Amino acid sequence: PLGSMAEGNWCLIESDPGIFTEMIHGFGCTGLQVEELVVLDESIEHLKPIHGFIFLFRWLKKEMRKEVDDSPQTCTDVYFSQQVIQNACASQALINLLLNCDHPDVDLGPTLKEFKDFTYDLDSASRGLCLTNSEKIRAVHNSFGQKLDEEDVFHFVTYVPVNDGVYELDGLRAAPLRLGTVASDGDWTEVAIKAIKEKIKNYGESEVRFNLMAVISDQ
């Protein structure tokens, strides 16, 4: 119902790390870049600190039956905007990632900072409509540019650590999915990579249409 107030069309975005880097900059944020993982468990020590992953996959209806957490931290700790329109997923995934950063290498810039400040206390669905109707964000998105029911749509989601938890931010959902607790001396990326491998098991061994990117400190 909220989609009825969504204004303008959004283009699809190619899963290219150069493009996601330029989108971060176009939104006004500095200090970060995006690097592609060529193999899922390739060595990534030289990438660290990794601030989040962006994972693309062909969306399957069985995603609807995913069991999610009822942890209190999902409510208290995590910024999340739900999509109101389908084609915004690349920007929605990226902004869900960035608005959960607090790190000395990250500067969101005044546009995303004020956007976060405005939407931080709104319901996730309203946060999403606000994103969708932002002419600044939509402009940047489109400058770089389909029925779920038929399972031929490629979807972007985000993986990010917040406090002691690691979260999958999938903008089709009403809330983040808390995947598990990391550490105190653990590696948050292992929890995300595990979840990504679990999703890959939803398919046959002959599905190869995936892309994985890491958002890292600029180098």
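The numbering used is simple: start at 1 and walk along the sequence shown.
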*Extent of unmodelled deposited sequence, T111 relative to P110*: none
*Higher average CA B factor in the deposited record is what I'm after, so tell me if that's 24 to 32 or 182 to 190.*
182 to 190
*Give the stretch, out of 75 to 83 and 135 to 143, with the larger mean C-alpha temperature factor in the deposited entry.*
135 to 143
*asked:* So if I compare the CA B-factors in the entry for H51, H155, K61, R173, which one is the largest?
replied: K61
*Can you pull the Cα B-factors for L148, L122, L129, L97 from the entry and say which is highest?*
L148
*Place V39 in the lowest, middle or highest third of its chain's C-alpha B-factors, as listed in the PDB entry.*
lowest
_Using only modelled residues of the chain, where does the Cα B factor of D69 rank: lowest third, middle third or highest third?_
highest
*Which third of the chain does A88 land in by C-alpha B-factor: lowest, middle or highest?*
middle
*Consider only the C-alpha atoms of the modelled residues in this chain, order them by B-factor as the entry records it, and name the third containing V215: lowest, middle or highest.*
lowest
*In terms of the CA temperature factor given in the entry, to which third of its chain does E168 belong: lowest, middle or highest?*
lowest
